[PDB]
Amino acid sequence: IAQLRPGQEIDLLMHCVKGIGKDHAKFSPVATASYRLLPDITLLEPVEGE
Amino acid sequence: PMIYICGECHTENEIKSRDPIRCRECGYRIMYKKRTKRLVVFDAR
Amino acid sequence: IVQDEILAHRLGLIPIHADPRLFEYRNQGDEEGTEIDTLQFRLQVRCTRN
Amino acid sequence: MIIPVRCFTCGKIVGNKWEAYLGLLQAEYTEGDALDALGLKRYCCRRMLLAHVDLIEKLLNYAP
Amino acid sequence: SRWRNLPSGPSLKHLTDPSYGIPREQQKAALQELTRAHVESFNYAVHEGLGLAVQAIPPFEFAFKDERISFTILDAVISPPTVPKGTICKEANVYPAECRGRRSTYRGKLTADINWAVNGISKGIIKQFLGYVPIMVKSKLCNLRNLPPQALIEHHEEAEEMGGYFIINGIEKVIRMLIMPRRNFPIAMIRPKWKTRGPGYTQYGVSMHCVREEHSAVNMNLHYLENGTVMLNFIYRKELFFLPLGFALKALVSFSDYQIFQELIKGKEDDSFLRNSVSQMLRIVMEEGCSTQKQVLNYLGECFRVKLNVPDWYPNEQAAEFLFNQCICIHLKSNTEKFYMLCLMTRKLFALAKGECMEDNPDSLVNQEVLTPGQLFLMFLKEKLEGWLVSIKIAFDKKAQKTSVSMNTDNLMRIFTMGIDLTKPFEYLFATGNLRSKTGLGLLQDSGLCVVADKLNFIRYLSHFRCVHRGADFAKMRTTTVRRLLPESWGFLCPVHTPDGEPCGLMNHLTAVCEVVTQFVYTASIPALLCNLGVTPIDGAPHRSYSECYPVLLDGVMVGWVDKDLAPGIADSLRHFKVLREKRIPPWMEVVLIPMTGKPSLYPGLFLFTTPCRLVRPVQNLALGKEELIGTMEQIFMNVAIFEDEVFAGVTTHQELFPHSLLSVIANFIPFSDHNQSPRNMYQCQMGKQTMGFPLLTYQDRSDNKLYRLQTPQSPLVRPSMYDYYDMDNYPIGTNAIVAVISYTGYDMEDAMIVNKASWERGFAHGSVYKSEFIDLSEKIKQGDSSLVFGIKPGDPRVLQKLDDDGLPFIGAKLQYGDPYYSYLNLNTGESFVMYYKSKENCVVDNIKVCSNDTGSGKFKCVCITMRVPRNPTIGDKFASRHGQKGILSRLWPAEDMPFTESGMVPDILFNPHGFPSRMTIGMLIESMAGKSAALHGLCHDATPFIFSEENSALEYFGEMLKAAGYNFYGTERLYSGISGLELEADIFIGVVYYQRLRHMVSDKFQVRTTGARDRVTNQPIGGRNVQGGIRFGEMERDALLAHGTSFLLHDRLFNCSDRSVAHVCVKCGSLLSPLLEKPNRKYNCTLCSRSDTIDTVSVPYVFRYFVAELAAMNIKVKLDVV
Amino acid sequence: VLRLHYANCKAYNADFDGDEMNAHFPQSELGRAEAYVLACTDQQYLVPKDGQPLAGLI
RNA sequence: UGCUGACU
DNA sequence: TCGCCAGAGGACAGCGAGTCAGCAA
Ligand SMILES: [Mg+2]
Ligand SMILES: [Zn+2]
Ligand SMILES: [Zn+2]
Ligand SMILES: [Zn+2]
């Protein structure tokens, strides 16, 4: 959160409320949730010999 | 009990009306006001 | 050394393990908050030479 | 100044891999192997640690 | 050397090193050599040059009563800054850390010891205190000299600072190298406005700029008159005086007319117009009355005595010597050498007139040199010391003229009577920048001499100590020929780094390898060595014909006539001495040999410059491999390959150190500048100096005005290796962003850019501004009782809980318009004044410095409050890449509407692909791939220009890097549409590029006015943004609005909004001045005709009534017909 | 920021790279009639230099 | 009011 | 031999808009 040196002090109260990742990213619950279509690969000819 | 930290000595000097603005234990002429505990509210956005 | 607004920002982006389904949304202008909609945490740290 | 808490593009939390990153680099590991051993797969996260400049260590050197 | 240990490719394992924060044992040494010309010049100006300056200083003799008194200044000494008098305690030294906290000048004490005598047998040495002269930061008269980085951190300094600046009121003036013509070298010029100087003058003439020991400069012009005669123009105290040559030549030398003649016809002894014109110069004006050196000196003395202001008891022959010593050829001590130099400048005007030589362009760097901070400082110091002498003895002569016998009792009380002078004059030249001098110092410019050095970034700051200004007068010129970027500034000035508006071509910057000469040497064994080499002294026996011989010059002094078949070998021998450091040839002497053919090429001859203000640059001397230094004029006669395999056998005398030597320090920070078009690299250089970055490490100490800070900077993953030589990661400037080049939104077109909203909410490019306001409360009052003490009378309802009992906000409190901001207390009366915060923006107080009076005796009158203003990227803020692609932020696109890639990623910058086709910034398309490859492999690639050829391409290299990571060669990954969810048909080009955030924000450039203040002379809106202020409509807008036929929109804008009054007129007299009110039925009555039934009100502008009044002022009458 | 359609760019020569622009507010009800009828931005489709269109997509 | 920067 | 065609230089007056800032006299 921070770094301190002798004589330095932090003192605070944080309030946590409910919300959706739409009005601020901090409230978003997933790193990423993407999707991808399944690739399809077809060998039209028998590949061989290096 | 208004405290001011020296510029390089870092001694707490309390200054008032009618008195000069030098620092004790040295003689420097710049002194920073000190942060007291007062409540401030910030938003995390 | 970390500012107050920058500290507030950094604190907003920290994920809390409370499950949001047991809570509720704070009504508009509900600054105080209650057991129903808020969680409070405290950071109080001071650095000293050992 | 200090490590960003969450990667900007994605949001993945990288604010806890700073000291681990520094420790794996002191052990002899390349930045690639090090970023792999921390779980930073996509390059958006890898740039968040690879190119971080810790200037909180240079500000924390002038008098109180 | 000095360019070894230059990194071969950049690294990233220096950050993430176990020793990142430990302050180092010695300072960097590459950053130090940037401000080296500003510091090494001052070091001379203040110690070794000050003694020489005072040594000239002719003893100021004058008459008191029936007595003649002589005052000479034996020494002058400037002392490091220190607490004023001993009235202070515990530390005599004074470090620049303060005077930035307080707002004061870092000034040292200048004191001299004068010696006054009465006829030379009665004498006493008094030591007067002249005044205070400002001091540079690491300048040998400063308290931060010889301090390692660790000890430089306990005084609040940058641990990496190179001062080279002055602190005048805590503002860090940065006096910058101006361009001067040259020193001690005759430049033959063809200027057509010269024939207006007299009846028969021509447009030909050789100018010489003479400098003696860096304390005196003078400009002398030899003009050609149509008769074949040459005139001499000298300037004394800003007045131009014309002396025929011959008067000057006969005075300087006690030689026969034939010997003077045999000298001016040395190389052209067959020409007969010349032989005839020389005789006309010697006889026509000198056999007319004066034929012995003394009679010439006597005649010249009488004509010039009145305007040289010489002593009345001076023989006229002594007043002539005064003119020759102070106005012609200052550089040469002898009068015999001054003769030979005036003779070579004439021998040259005769060749320019007969078209045997080419005019020297004054705008080529070949014939240019720089004016350093020490030359301006000493040249002002010397002039002010002379002025101090003059003023003290003005006071002397004016007081009583009374029996000095007992008056030796108040001699010190007399000298001190005018020793009260030298301090404020000096601060004007530094605080204001403009020069108030009786002689303009042989300068040609009297403003913009010193400028503010602003640390917005460390790339704005480092460019103030490498700037070179052609002149401030050239900003006002129809013709643009001093803005041409000639091929002679190769390696000395950067092609790309020039301001790109009104200052273009006029404000240049030195390349990275270029450097100013600042050392001073003996140069006394050189004239005796040149003779061993083959030169024949000016005295005689050239061994050839004076036409097959080169005229040798060495710093204004003509050694003379090296033979024509010995000149090449002599030049090569002298160049080998300087390279191998043999003899005593300074490592930086410029051995020039301008060959002579039959063509009208530049005047032939072997010059040898060693003066302290020329620009030099390193080049690998082939055939010796010993890293020579060449100058601007010496570089035109030598071949310098850039890459190897460009070196040939006979050709390629030298070779350049690195291929990017030609580019400036900032132009070496642009990645792949070779693949972008040039106007774009000129905008990148100007945009890297307006970037919000990390400006410095010492907050709480600076007390500047504005200071923009970026929260979390990063270091570019693709950067030139020079970025790593001058560690520029101590001060980062931007952030790496995942940019996709896609047309997706409809809001990113025409130069506008899109920013993901979740990236912006996760801290992307957040920033802040620090507004430090110095409240000195000696204002609001004059020299009365102290109305000034910060303080709160107990219980004021106004400051109930916003201040903290010393009339100063709390540290950490938030301020908003209308909030209490300070509270003074007039101590005698006992009344407080809350002084509310009026900015319409929110900030937080982060520190408050209480400052004293410099004697530790101040009384709570001055304070410095620093407010912090959060400036995060809004819509309307300007972003930019490192390739001149600036654009505003038009949208913050939701993070779920962004096109996601097949890897789960989602760009955070959307950049329209239509800025490439017309701007041709192909370096951005390579930086994207290089940065993506870097982020993928954990590497750090270099973007040094000229490292990737046609055979080895950059796209091939980085596409192979990408294809080695599982991505595709061409850098395109295929995205999905975040709005429809379908894989777009085109595969998109995505990558990682380094964005900077510019300092121009809509929050600082937005205005709305409804009603408000008014100019009281015209009664129109005031016209500013800090004041409410209206926007000007304009004549172009008035002429484009009545092309619509809208006469009532014009009536509204120009009449009902700006100014509209009801001035009433007398209808019969038809005059606006005539109606006058009465003494209270208030009837305006016409004064000219006493009727009150004739007055009628008319709706008329207010500037029209002002116009009628100012016309009446001239007796003109405006009679207007009312209907 | 004052947002403007991109068809009206070539008419002003605006380029969205920091391009401050002024907005005036008629106050008479007789200059509004002329701003509506004469100065409107669709009566301005053709440049008066040679009558060729000015507004267009880009 | 002027000189220095700066924006299109 | 001086009026008018020629002939000379000297003087003046113009040099795109509109913005924002700081510093100092
Ligand atoms: Mg534009
Ligand atoms: Zn102290
Ligand atoms: Zn990520
Ligand atoms: Zn009347």
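Using ideal geometry, Cβ is built from the backbone for each residue, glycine included, and neighbour counts are taken over all protein chains shown. No value in this document is a laboratory result; all are computed from the given coordinates.
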List E:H654, E:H1051, E:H469 from most exposed to least, where exposure is judged by having the fewest other Cβ atoms within 10 Å. E:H1051, E:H654, E:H469
Only bridges with both residues in the protein assembly as shown count here: give the DSSP antiparallel percent, nearest 5. 90 percent
If amide H atoms are built 1.01 Å from N in the plane of the peptide, which residues on other chains or at least 5 residues away come under 5 Å of the amide H of F:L54? F:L46, F:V47
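Of the chymotrypsin sites (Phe, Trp or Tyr not before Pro) in chain C, which ones lie in a loop per DSSP and count no more than 16 other C-beta atoms within 10 Å?
Values: sites: C:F23, C:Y25, C:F41; in loops: C:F23, C:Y25.
Listed in order of number, the matching sites are C:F23, C:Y25.
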Binned at 20 Å starting from 0, the alpha-carbon pair-distance distribution of chain E in whole percents comes out as 9, 30, 34, 22, 5, 0
Out of the stretch E:782-842, which trypsin sites (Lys or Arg not before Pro) are coil in DSSP terms and have no more than 11 other C-beta atoms within 10 Å? E:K782, E:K838, E:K840
Within the protein assembly as shown, helix-based [θ] at 222 nm, where runs of 4 or more DSSP H residues each add -39,500 (n - 2.57), nearest 500: -6000 deg cm²/dmol
Separation of alpha-carbon centers, the stretch F:1-47 and the stretch E:244-281, rounded to whole Å: 76 Å
Cα centroid separation, the stretch A:19-33 to the stretch B:30-45 (Å): 31 Å
Sort D:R42, E:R1082, B:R29, E:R544 so the one with the fewest other Cβ atoms within 10 Å of its own Cβ comes first. E:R1082, E:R544, D:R42, B:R29
Convert each backbone phi in the stretch E:220-237 into a coupling constant with the Karplus relation 6.51 cos²θ - 1.76 cosθ + 1.60 (shift: θ = phi - 60°), then list the ³J(HN,Hα) values in order as whole Hz, x for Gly and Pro. 10, 10, 9, 9, 9, 9, 4, 5, x, 7, 10, 9, 10, 10, 10, 10, 10, 6
³J(HN,Hα) computed for each position of the stretch F:42-57 - Karplus, 6.51 cos²θ - 1.76 cosθ + 1.60, integer Hz, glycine/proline x: 10, 5, 9, 6, 10, 5, x, 5, 9, x, 7, x, 10, 7, x, 7
Rounded to the nearest 0.05, what FRET efficiency do E:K963 and D:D33 give with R0 = 35 Å and r taken as the Cβ-Cβ distance? Could you check? 0.95
When a/c is below 1.5 the answer is rounded, else prolate if a/b is larger than b/c, else oblate, so apply that to the stretch E:416-460 with a ≥ b ≥ c taken from the square roots of the Cα gyration tensor eigenvalues. oblate
Using a 7 Å offset from the Cα along the Cα-to-Cβ direction at both E:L74 and E:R1091, what is the distance between the two label points in nm, to one decimal? 9.2 nm
Separation of the stretch E:640-710 and the stretch E:584-614 by C-alpha centroid, Å? 31 Å
Please identify the GluC sites (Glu not before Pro) of chain C that satisfy two criteria: DSSP loop assignment and at most 16 other Cβ atoms within 10 Å. Which are they? C:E24, C:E31, C:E32, C:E35
Considering only DSSP beta bridges where both residues belong to chain E, give the percentage that are antiparallel (nearest 5). 90 percent
Exposure proxy check on E:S41, E:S406: fewest-to-most Cβ neighbours within 10 Å is E:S406, E:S41
Counting each pair of different Cα atoms once, what's the Kirkwood radius of the protein assembly as shown in Å, rounded to one decimal? 37.5 Å
